[PDB]
Number of protein chains: 2
Amino acid sequence: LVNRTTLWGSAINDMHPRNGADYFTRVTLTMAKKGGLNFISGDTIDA
Amino acid sequence: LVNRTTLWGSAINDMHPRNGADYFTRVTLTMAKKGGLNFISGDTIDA
């Protein structure tokens with residue numbers, strides 16, 4: 001007295017073998033500078 | 001059973017003997033002013 005259902009399939013999700021990761025760059029933004037404004041708090045920074 | 005093809009020629013590529021060096025100049029840009037903007041980093045250049 002048990003009913004069961006299954007799903008199965010094959011697919012490819014990976015970067016290109018030749019020169020793949022070169023297409024991406026990661027950019028991080030710092031937010032600390034003299035005489036600046038942060039919209040998070042709306043306050044001056046060391047000025 | 002060897003194949004070989006060659007290219008040969010002559011030309012002139014040189015700077016003029018009469019005061020040639022006077023026609024060119026080099027300008028070096030610097031980023032050291034006080035109270036300026038750094039466009040590479042996006043912050044005030046050392047306060």
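Residues numbered from 1 in each chain as written, not as in the entry; some residues may be left out. Chains lettered and ligands numbered in written order. Part of a larger assembly, values for the part shown. Heavy atoms only, no water.

1. Quick notes on the pattern of salt bridges
Filter applied, for reference: Should a side-chain nitrogen of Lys or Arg be within 4 Å of a carboxyl oxygen of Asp or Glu, the pair is scored as a salt bridge.
Scanning the entire structure with this criterion turns up 1 salt bridge over all chains. Ionic pairing is found between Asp46 of chain B and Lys34 of chain B, a salt bridge with its closest N-O pair at 3.0 Å.

2. Considerations on the environment of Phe24 of chain A
All names here are of chain A. To be explicit about the condition: Every helix listed is a DSSP run of H or I at least four residues long, and every strand listed is a run of E at least two residues long, numbered separately from the N terminus. Exposure is judged per residue with a 1.4 Å probe applied to protein chains only, and the accessible area is read against the type maximum: over 50% gives exposed, under 20% gives buried, and values in between give partly exposed.
You can see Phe24 is positioned in the segment before strand 1 (37–38). We classify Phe24 as exposed; its relative accessible area is 59%. The spacing of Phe24 and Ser41 is 17 residues in sequence and 32 Å in space, taken between C-alpha atoms.

3. What about the environment of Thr44 of chain A?
Residues and elements named next belong to chain A. Its place among the elements puts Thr44 in strand 2 (residues 43–44). The exposure class of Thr44 is partly exposed, given its relative accessible area of 47%. Sequence spacing of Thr44 and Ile12 is 32 residues, and the spatial spacing of their C-alpha atoms is 50 Å.

4. Regarding the side chain of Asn38 of chain B
All names here are of chain B. Heads up, the rule is: By the criterion applied in these results, polar contacts are pairs of N or O atoms within 3.5 Å in which, for protein atoms, one can donate a hydrogen and the other can accept it, and in which residues neighboring in sequence qualify only through two side-chain atoms. Throughout, a residue-residue contact means that at least one pair of heavy atoms, one from each residue, lies within 4.5 Å.
Accessibility expressed as a relative area gives 16% for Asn38, which makes it buried. A polar side-chain atom of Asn38 sits 2.8 Å from the main-chain amide nitrogen of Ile40. Among the polar contacts made by the side chain of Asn38, one reaches the main-chain amide nitrogen of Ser41 at a distance of 3.1 Å. In this view, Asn38 contacts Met31 and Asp43; residues no more than four positions away in its chain are not counted.

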